Structure formats: structure tokens, C-alpha cells
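Just one chain follows, in the form deposited without the named molecule, and it is written as C-alpha cells.
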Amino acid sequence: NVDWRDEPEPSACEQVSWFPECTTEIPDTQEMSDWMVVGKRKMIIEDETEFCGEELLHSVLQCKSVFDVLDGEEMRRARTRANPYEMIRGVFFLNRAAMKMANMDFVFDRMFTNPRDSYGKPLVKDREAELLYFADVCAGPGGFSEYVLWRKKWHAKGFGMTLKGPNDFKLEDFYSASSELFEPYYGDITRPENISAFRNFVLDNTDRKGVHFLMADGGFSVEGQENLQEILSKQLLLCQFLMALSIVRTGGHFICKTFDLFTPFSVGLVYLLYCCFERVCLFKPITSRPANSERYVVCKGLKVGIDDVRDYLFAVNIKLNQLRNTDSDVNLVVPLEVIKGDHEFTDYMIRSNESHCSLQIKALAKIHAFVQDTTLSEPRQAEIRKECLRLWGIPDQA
């Protein structure tokens, strides 16, 4: 009962929708002192409708479950044929995540590779021999980094922290290999002492300022429960937000991969970033698969005076470690009354969640149709690859 053919022409052109400007004051310790609420540990996605229509949520949940019955190889072939952006995904870089950063660096006015001061002037010229400093926190640190170092070469310096094991870095490209351009820190991001350690390492190597921007992956995949990833990844997402506030310099930026944002815990986390940055937006680039839940929290311009929020999240993480492996969990980090009190923030959140669900439903329907009719094709895949490379300034090579 879905019409996937009523969809706009696939394009290299992408539109960004930002949250409205926050005009409320950064919360302080006393204001947040009753904000963390502990409750029963819950994994029921179907009734997380504070920021999404119930009917729409159930529809998307329904499509995903039907779609998951499907055999993997068959569905993967169809999804390759159905995705208009399939052909950009693999090109040029050694790591697919590098093309995602390429995509998003372009979309956000090079704010990552060419950050600006308040007068709009470049902070980092090649001449000045001053470095672009960045951090990459993920299961295999190097993919996001591969793009940055390709673009800025020796004018950049990156710090890596791995989410998996000590040697799970991606130091294979000609630049990530040089410890002068990229320094892995020698693996549990949930341990407070590891957070502090990495924070100090980064502060000591950036003149106590912090990095110009942090690139993070705040979610992990699980087979057989796409719906549940938002909940399973909640502590990782908090720790990445906490890392942003710990190592990004004033006026700096933050980009974080996440999944669905239906839960008040997730939305509370976003609300906090929205309080701490000049501009925040939720964005799904064309280089991420249209049928999945992946999106990016993109934060522009860390404000002054965020230490209370940083300290607050640090306390929440400790509480999460305490509640781990018990029937209790932290269910809120900001009260609903506060989040819903900000009407413009809430309107954006609902519009973002619902738009994502509506598009995801169509993308899943399309794949199903491509499974049933293997002659269906997406003819402009090649033209779109070409236009994207040109637009984003990426060589048409390997």
C-alpha cells in the first residue's frame, strides 16, 4: 500500500534543514540537578511516539520487519539496483566513510576542512603552517580521517580513539600511516578514566584549546533488530556527545553518526547539543543508504560556557555504568516538559523523525519491487556519480 514511484528525481543537490537558533541560556548545574531520571530498562520501540506519529512509526516498523524476512544476498542485489546513489558509494577512497565525509564537508560549506572565525575568515591557511586539528572516534578510526588528510595533507593533525580493539585503526592510506599526521591513542569509551585520558591527550596536543572538529560514530549495528539500535547504542551516543563537549574548541564543530531518534533520551541528548552549539541539524547524506536509519547530528560552532553540560553528561555516563546489567536504566536526560516547552525545537524534531520514516518506507517498498522485478533499473546511477564527484571536488578515479 505504498507509492514509491511518487518520489522526487534523484539529484546530487541536497537541502539542509537546521534546527532554529537556540535563544535559551546554556543550562547550569543547579538547573540540571533533577534532569536525569532513572527508571525500568525498556526496549519497546513501538510506543516511542513523543516525537513521531504513532501510526507512521508502526508503518515503518512493519515495513522493516517484512523486509528483514527477505534473504540477504537477494535483497542486497535489489538494493544495489534500486539506490540511485549506489555508484558514488565505492569510488576513489579506500574507505566508504571517507566519501561520506567528502559529501558532508561539501554540504556544510567546508566548515570541517576549512573552519572559519567569527568574521568568516579561514582559521587555517597553508602558508601560516598552522594545523587543522581533528579527532576521529569510531570502531575503525581512519575512514573519516582518510578524507580529511587527503584534503588537507600535512596541514592537518588528527587524533584517533578506537571503539573496538587497540589495533583496529585504518592506517593504510599514504597519509593516515604517518604518525605525524594521525596519532592513534593507545579501548572502552564508557570508562570515565578513558574519556579523561583521551581528553587530556588531545588538550596537551592542541595547546589546551581542543580540536577544530570531532568526527564520531555514535551507533553500532546489530543483526535482527534495526529498531532497537537506537536503544542499544544510547550510552555510546551519550559518550560521543560527552566527548564533543570535552575536546572540541570554542567555535569548533561536531559530526556524529546515529540511528533513530524516537526516544526522549536521544532527543534530550540532541536538545543539549542544541543548547551548546550555534547551529545544529539532523541530516542524512545521499551517500548513506536510503533504506536504513543512519543519519548525522551536525553541530556548528561550540559556544563558550558549556562545562556544566559536559560535567552533567559525565555524571550520567557514570550512572549508566552503575545501572549496566540490571533492570534499571537512565530513561531521560532532559525532562519532556523542557524539550516540549521549546516549540520550535520540538516541531523540528517531529518533522525530522517523520520525514525520515516517510522516506524510509518508500525506499523499502522500492527495494521490494526491485526484488520482484529484476528488470527494474535506476538508469541515472552513472550520471549521478559523475555529478557528485564534480560537485564535491573528488577525482573520477581510484
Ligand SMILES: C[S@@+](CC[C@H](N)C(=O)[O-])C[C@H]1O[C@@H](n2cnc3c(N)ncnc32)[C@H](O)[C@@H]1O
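So that the term is clear: the rigid core is the largest set of C-alpha atoms that superpose within 1.5 Å between two forms. Heads up: residue numbers just count along the shown sequence, starting at 1.
The next section is about a form of this same protein that is not shown, the form deposited with the named molecule bound.
In this form the binding site is blocked, since the named molecule, overlaid from its pose in the deposited complex, puts three or more atoms within 2.4 angstroms of backbone or C-beta atoms. Put simply, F220 is close to the named molecule in the deposited complex: some heavy atom of it is within 4.5 Å. In the deposited complex, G140 approaches the named molecule with a heavy atom inside 4.5 Å.
Although the partner is absent here, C281 lies well away from the named molecule in the deposited complex, with no heavy atom inside 4.5 Å. At the 4.5 Å threshold, heavy atoms of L203 stay clear of the named molecule in the deposited complex, well away from it.
Heavy atoms within 4.5 Å of the named molecule in the deposited complex are found in one stretch of 313-321, 152-160, 176-184, 189-197, which is 189-197. Distance criterion of 4.5 Å from any heavy atom to the named molecule in the deposited complex singles out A97 from the list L242, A97, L302, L261. A heavy atom within 4.5 Å of the named molecule in the deposited complex is found for one listed residue only; from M111, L123, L131, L236, this is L236. Only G219, out of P290, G158, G252, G219, shows a C-alpha shift of 2 Å or more between this form and the one not shown on alignment of the rigid core. Once the rigid core is used as the reference frame, the Cα position of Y175 differs between this form and the one not shown by 2 Å or more.
Relative to the superposed rigid core, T326 undergoes a CA displacement smaller than 2 Å between this form and the one not shown. Between the C-alpha atoms of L149 and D173, a gap widened by no less than 3 Å is obtained in the deposited complex, as opposed to the form on display. Relative to the shown form, the CA atoms of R199 and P166 are pushed 3 Å or more farther apart in the deposited complex.
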